[PDB]
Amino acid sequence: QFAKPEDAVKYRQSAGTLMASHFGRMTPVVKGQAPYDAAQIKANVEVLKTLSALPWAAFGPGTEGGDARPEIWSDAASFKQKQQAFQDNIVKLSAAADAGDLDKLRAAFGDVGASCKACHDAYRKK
């Protein structure tokens, strides 16, 4: 769907921006600094679920640029393992949110955050 590689870069960066907001806005809830409303979090995690499927198709052939490392493309199976494992972590977060289980939500939130960081550490330029 991208006319030029720059359009793929713009897309995936914007997807990252929105994920960071929908993930990070739950930090005060996880920490107990903001109240836990199960329905609010369930709805927010649904949005995050949708968003977290979006970046990967915007690292398609010929879309090199931005702060994306070339090893994303030269090690395609490995990058794919990381995005699939991340999306698995999001499924765990969705299950916790859908159950209304705050302890499960805390734990799953931490594992999602670790998955974001692990990919950025390997595949995003500093």
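Throughout, we count residues from 1 along the sequence that is shown.
- Per-stretch averaging of Cα B factors for 117-125 and 4-12 places 117-125 on top.
- Mean C-alpha B-factor is higher over 72-80 than over the other stretch, the pair under comparison being 90-98 and 72-80.
- The entry lists a Cα temperature factor for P55 that places it in the lowest third of the chain's modelled residues.
- The PDB entry assigns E64 a C-alpha temperature factor belonging to the highest third of its chain's modelled residues.
- When the modelled residues of the chain are ordered by their C-alpha B factor, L105 lands in the middle third.
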